[PDB]
Protein chains: 2
Amino acid sequence: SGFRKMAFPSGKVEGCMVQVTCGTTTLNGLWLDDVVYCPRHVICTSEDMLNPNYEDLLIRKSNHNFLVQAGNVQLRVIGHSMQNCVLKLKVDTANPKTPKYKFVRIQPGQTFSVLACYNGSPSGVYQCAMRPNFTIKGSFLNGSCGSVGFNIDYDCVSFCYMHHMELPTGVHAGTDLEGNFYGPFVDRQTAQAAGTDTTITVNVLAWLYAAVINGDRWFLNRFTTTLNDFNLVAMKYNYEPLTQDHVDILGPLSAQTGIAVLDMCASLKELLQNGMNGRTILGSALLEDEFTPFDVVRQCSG
Amino acid sequence: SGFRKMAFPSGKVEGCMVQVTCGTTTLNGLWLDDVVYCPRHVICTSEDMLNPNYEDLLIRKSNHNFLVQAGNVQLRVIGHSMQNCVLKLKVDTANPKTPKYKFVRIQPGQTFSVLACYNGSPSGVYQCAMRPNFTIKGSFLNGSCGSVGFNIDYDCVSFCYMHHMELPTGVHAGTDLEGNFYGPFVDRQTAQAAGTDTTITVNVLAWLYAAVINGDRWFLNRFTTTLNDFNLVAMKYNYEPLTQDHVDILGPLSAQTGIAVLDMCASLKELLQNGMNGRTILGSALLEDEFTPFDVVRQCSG
Ligand SMILES: *S[C@@H]1O[C@@H](CO)[C@H](O)[C@@H](O)[C@@H]1O
Ligand SMILES: *S[C@@H]1O[C@@H](CO)[C@H](O)[C@@H](O)[C@@H]1O
Ligand SMILES: [Cl-]
């Protein structure tokens, strides 16, 4: 019993974290096989971040300018390239701790774990979610850049995120491991703003299902609703619109609990219209949206 | 910027998790040097857990009855003993992945990370706190028993918790790595109840300091208070009494923010008497008490 915001074990990723230093800037990199991946703004000074021409700034750099340190050993850069907003440093040694891995571009609403690093050294791990506006609400300080987000299915690590920037609002923006930013953001120190951050409705419903499984049932009402009717309430409260795909994904949870999906939608509707009246669900006074339906099943079964 | 409930990287502990099987029961063990540590109720059936005589049940067991499997390799038990409520299986091979480690008995109010396992396989990591009533609010399902809680300072892993039981109320109780239970609990399937669970006042104050550091300042009032006066409010709301030691520990945070401790106590007093009025602090509608003063400093500095 009990429900916590659990992150995947981070060991397989700890063994891939390195320190990349270009000039005076040191950030974290990801060493997989014979390639180190890092944010390309490692090649930028302070003046550069205003409006950097990354192509021109890379022309002034050679292999020996990129200092890659794994633990206390130094790595020999035999090649370097730029893929979108990520720099790929080819080293002469394959990482002996490379796990089975793939690069994945996740969708808004999906969850993943973050290993937050500083100078190629792990500091902590936490579970977060890609917000619908393609931002992440994490904990990143200077030097964190190059910190990676990942999932693990069996022995396969799916890297999906690399931290790049902290927006002026305090949220965070990054790329997939191919250097493509999530959202409209660019790796420049300019005026960038996220859109409306909506609540991931399907995740809230999964979390309400977890609550029922764990004993918290007070929110369960005597009513039901329709998908169109519920989506009307969702818009007024800036909730993601619920599709039939979303309903289909919660099937396994609806089966385990004996609670229809539209029945749970009617309980959530009441919670948005009336609030919690000071009560708590799973030790939280807000509706939590950073647990996917797959996360609830995986935690309740493990 | 940003504040998350961060757990220590779990890699050093992942390499120590093994699967112990005695009879039909399989739970997790901790392999350090040439000793495997596991809950002693591994030697118990279902009838036994009612009122087990662990000494008599161990007399019926020999070294070859304890099956210890690390990954896909089997370990040779050359000795076995019982220390309080933990079983120490001496194996013939030292764990090559043993980190620098020590056994620590933490105090109520302290935090630690938990690597939740099942059959010696990691499933997830999360950050929790020893409640003042010596329980922990985690996520443990059958087979989780033997899951360990730890801290990491530099390269030193301080193991402080091993999961043993889930109480009828849904909270969890366990031991230090010397087999001594936290709290009055016993490893029997009997009627055991935790006392009043109070809120860790010093941790809430640390969290309010983190909020200020991150921009959330609305709770900051124009008032102050005294230690005796505040403790009066703490008792009415089942908050831990605040000592001068607690005030001294928050010194570094009071220095960084320029907010006196008794000034922050007066803001918390208002929050307990009036509530949040629907507002949120660091994305939470409740007062969070699972961040120690040392945790806030470590996260804001890392
Ligand atoms: S990580 C991903 O899947 C694994 C199997 O789970 C394969 O071994 C890898 O080659 C692949 O990238
Ligand atoms: S883990 C603890 O401290 C370390 C140093 O940080 C020592 O090396 C260990 O022997 C000790 O148990
Ligand atoms: Cl909350």
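Residues numbered from 1 in each chain as written, not as in the entry; some residues may be left out. Chains lettered and ligands numbered in written order. Heavy atoms only, no water.

If you check the header, you'll see the entry was determined by X-ray crystallography and the resolution is listed as 2.00 Å.

The PDB entry lists chain A under the name 3C-like proteinase, with Severe acute respiratory syndrome coronavirus 2 as the source organism. In the PDB, the structure is listed with the title "Structure of SARS-CoV-2 Main Protease bound to thioglucose".

Undergrad: Help me understand the sheet that holds strand β5 (residues 73-75) of chain A, please; the structure alone is not making it clear to me.
TA: In a beta sheet, neighbouring strands pair by backbone hydrogen bonds and run either parallel or antiparallel. Residues and elements named next belong to chain A. Within the open sheet, the seven strands sit side by side as β5-β4-β1-β2-β3-β7-β6. Their pairing is antiparallel. The strands lining the two open edges of the sheet, one partner per strand, are β5 and β6 (77-83). Each strand axis lies, on average, 30° off the axis of its neighbour in the sheet, ignoring direction. (Pairing = 2+ DSSP bridges. Helix = DSSP H or I, 4+ residues; strand = E, 2+ residues; numbered from the N terminus. Axes fitted to C-alpha atoms, helices over the stretch in contact; angles between N-to-C directions.)

Undergrad: Help me understand the domain arrangement of chain A in this model?
TA: In many reports, interface size means the accessible area that the parts give up when they come together. Residues and elements named next belong to chain A. Annotation of chain A at the domain level lists domain 1 (1-14 + 100-197), domain 2 (15-99) and domain 3 (198-301). Placing a centre on the C-alpha atoms of domain 1 and another on those of domain 2 gives a separation of 19 Å. Contacts between domain 1 and domain 2 engage 34 residues on the former and 28 residues on the latter. In total, domain 1 and domain 2 occlude about 2,400 Å² of area from one another, counting both sides; carbon and sulfur atoms represent 57% of this. For domain 1, the biggest contributors to the area lost against domain 2 are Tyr-101, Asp-187 and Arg-188; these three give 22% of the whole. Counting every contact that joins domain 1 to domain 2 gives one salt bridge. Between the two partners, domain 1 and domain 2, sit 24 residue pairs in polar contact. Going through the elements one at a time, α1 (11-14), β8 (100-103), β9 (111-118) and β12 (156-166) are the ones with two or more residues in the side of domain 1 that touches domain 2. Take the side of domain 1 that touches domain 2: its biggest share by element is five residues, from β12. Looking at side-chain class alone, the side of domain 1 that touches domain 2 contains 13 nonpolar, 14 polar and seven charged residues. (Domains from an automatic or database assignment. Contact = heavy atoms within 4.5 Å. Buried area = accessible area lost by both parts, 1.4 Å probe. Salt bridge = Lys/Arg side-chain N within 4 Å of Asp/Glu carboxyl O. Polar contact = N/O pair within 3.5 Å; in protein donor to acceptor, adjacent residues only side chain to side chain. Nonpolar A, V, L, I, M, F, W, Y, C, P; charged D, E, K, R; others polar.)

Undergrad: Even after reading the chapter, I still don't get the site of ligand 1, so can you show me in this structure?
TA: Residue and element names in this part refer to chain A. Around ligand 1, a shell composed of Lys-100, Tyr-101, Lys-102, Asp-155 and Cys-156 is seen. In this structure, an oxygen atom belonging to ligand 1 sits 2.9 Å away from a main-chain N or O atom of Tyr-101. At 3.4 Å, a side-chain N or O of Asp-155 approaches an oxygen atom of ligand 1. Protein burial of ligand 1: of its 320 Å² of free accessible surface, 53% is covered by the chains. Here the shell around ligand 1 takes three residues from β8, the largest share from any one element. Considered class by class, the residues forming the shell around ligand 1 number two nonpolar, no polar and three charged. (Near = heavy atom within 4 Å. Areas by Shrake-Rupley, 256 points an atom, 1.4 Å probe, with all protein chains shown as cover.)

Undergrad: What is the right way to look at the packing of aromatic side chains in this model?
TA: Ring pairs (aromatic) are described by centroid distance and by the angle formed between their planes. Scanning the model with the defined rule gives 16 aromatic pairs over all chains in all. Aromatic pair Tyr101(A) and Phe103(A): ring centres 5.7 Å apart, planes at 40°, arrangement tilted. Classification of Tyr101(A) by relative accessible area gives partly exposed; the value is 25%. Owing to a relative accessible area of 29%, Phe103(A) belongs among the partly exposed residues under this scheme. Consider the rings of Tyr126(B) and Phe140(B), whose centres lie 6.2 Å apart with planes at 70°: the pair is edge-to-face. With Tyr126(B) in strand β10 (residues 121-129) and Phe140(B) in the loop between β10 and β11 (148-153), the pair connects residues that are 14 residues apart, well separated along the chain. Members of the aromatic cluster, connected to one another through ring pairs, are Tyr37(A), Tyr101(A), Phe103(A) and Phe159(A). The ring of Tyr182(A) carries the charged tip of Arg105(A) above its face, separated from the ring centre by 4.5 Å. (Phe/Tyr/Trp six-rings, centres within 6.5 Å; stacked < 30°, edge-to-face > 60°. Buried < 20%, exposed > 50% of the residue type's maximum accessible area, 1.4 Å probe, protein only. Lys NZ or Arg CZ within 6 Å of the ring centre and 35° of its normal.)

Undergrad: Please explain the pattern of salt bridges as it appears in this structure.
TA: Side-chain pairing between opposite charges can occur once the charged atoms of the two side chains come close. The tally for this structure, following the rule as stated, stands at 26 salt bridges over all chains. Where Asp295(A) meets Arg298(A), a salt bridge forms, and the shortest distance between an N and an O atom there is 3.7 Å. Of the two residues, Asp295(A) and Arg298(A) both sit in helix α8 (residues 293-301), three residues apart, roughly one turn of that helix. A relative accessible area of 12% means that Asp295(A) is categorised as buried. On the accessibility criterion, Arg298(A) (41% relative accessible area) is partly exposed. Residues joined in a network through salt bridges with shared partners are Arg4(A), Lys5(B), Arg131(B), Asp197(B), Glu288(B), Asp289(B) and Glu290(B).

Undergrad: Please explain unusual backbone geometry as it appears in this structure.
TA: Trans is the common state for peptide bonds, and a negative phi is the common state for residues other than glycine. Residues and elements named next belong to chain A. At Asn-238, a position not held by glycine, the phi torsion is positive, near 55°. Here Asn-238 shows up in the loop between α4 (227-236) and α5 (244-249). Classification of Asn-238 as partly exposed rests on a relative accessible area of 41%.

Undergrad: Teacher, can you tell me more about the relation of the copies chain B and chain A here?
TA: Copies of the same chain, two in number, are related to each other by a rotation about an axis and a translation along it. Superposing chain B onto chain A takes a rotation of 180° combined with a translation of 0.0 Å along the rotation axis, leaving an RMSD of 0.0 Å. On this basis, the relationship between the two copies can be described by a two-fold rotation axis. Relative to the rotation axis, the closest C-alpha in chain B is found at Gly11(B), a distance of 1.8 Å. (Least-squares fit on C-alpha atoms.)

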